[PDB]
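Here, residue 1 is the first one in the sequence, and each next residue gets the next number. All heavy atoms count here, side chains included; hydrogens, waters and symmetry mates do not.
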Amino acid sequence: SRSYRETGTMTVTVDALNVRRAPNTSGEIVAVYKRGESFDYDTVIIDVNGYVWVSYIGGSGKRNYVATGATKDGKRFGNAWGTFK
C-alpha cells in the first residue's frame, strides 16, 4: 500500500462504514459511520488491490481508518463509498 498526507472531508454514501485501528479488514473496530455522516481526514492509504482508506487522529491520539472504496492496480476501481470535498 501507499500512504499520503491530504486533508479532506468524506460524506458516507453507503449504509455504514466501520472505523478501525488499522487499515485492514482485521483492524479493531472502534466506531461506525452511518449513511449521510461526514468526517474529516488527514491521511490517505491506497492499497494496490484493496481499498482507499482515509485516516484521522482521534481524541486519544490513536489513528483511525475508514475504507472508502475498492482499488485495483493502485487506483480507485468502481464507485466510491462516499463523496469527498
Side-chain angles (χ1 to χ4, degrees):
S1 73
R2 289 172 176 91
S3 303
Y4 298 98
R5 298 303 198 210
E6 189 187 42
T7 61
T9 300
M10 178 189 182
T11 297
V12 179
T13 54
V14 292
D15 69 332
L17 292 166
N18 292 316
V19 185
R20 294 178 183 269
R21 284 283 160 79
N24 62 70
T25 55
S26 298
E28 177 192 4
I29 295 171
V30 301
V32 179
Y33 284 106
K34 306 309 194 74
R35 189 188 311 266
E37 295 180 339
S38 297
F39 64 94
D40 282 13
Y41 56 89
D42 65 14
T43 294
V44 177
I45 300 182
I46 303 183
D47 297 337
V48 178
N49 295 292
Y51 314 92
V52 180
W53 300 83
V54 298
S55 184
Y56 55 91
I57 296 300
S60 54
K62 296 196 166 184
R63 198 158 268 289
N64 299 295
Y65 300 89
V66 181
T68 75
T71 58
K72 174 185 179 182
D73 304 328
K75 305 165 141 51
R76 282 197 178 270
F77 192 70
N79 296 304
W81 302 335
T83 60
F84 301 93
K85 333 291 172 175

Separation between CZ of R20 and CD of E28, rounded to the nearest 0.5 Å: 10.0 Å

Within-4.5 Å side-chain heavy-atom neighbours: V12 and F39: yes

Heavy-atom pair of closest approach, residues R63 and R5: NH2-NH1, 4.0 Å

Between OG1 on residue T7 and CG on residue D42, distance to nearest 0.5 Å: 8.0 Å

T25 OG1 to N18 CG distance, which is reported to the nearest 0.5 Å: 10.5 Å

Validation row: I45, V52 side chains within 4.5 angstrom (heavy atoms): no

Short side-chain to backbone donor-acceptor contact, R35 and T13, under 3.5 Å: yes

Whether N24 side chain and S26 backbone form a donor-acceptor pair below 3.5 Å: yes

Close side-chain approach of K62 to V30, heavy-atom, < 4.5 Å: no

Atom pair CG (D47) and NZ (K72), whose distance is rounded to the nearest 0.5 Å: 15.5 Å

Main-chain N/O of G50 paired to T71 side chain as donor or acceptor, under 3.5 Å: yes

Heavy-atom closest contact (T11 atom, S38 atom, distance): OG1-OG, 2.7 Å

Side-chain touch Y41/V66, heavy atoms, less than 4.5 angstrom: no

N64 side chain vs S55 backbone, donor-acceptor pair below 3.5 Å: no

Spatial distance of atom OG1 (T9) from atom OH (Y56) [nearest 0.5 Å]: 12.5 Å

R2 vs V48 side-chain heavy atoms within contact, under 4.5 Å: yes

Geometric class of the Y51/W81 ring pair [parallel <30°, tilted 30-60°, perpendicular >60°]: tilted

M10 CE to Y33 OH distance, which is reported to the nearest 0.5 Å: 10.0 Å

Under 3.5 Å: donor-acceptor pair, side chain of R76, backbone of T68: yes

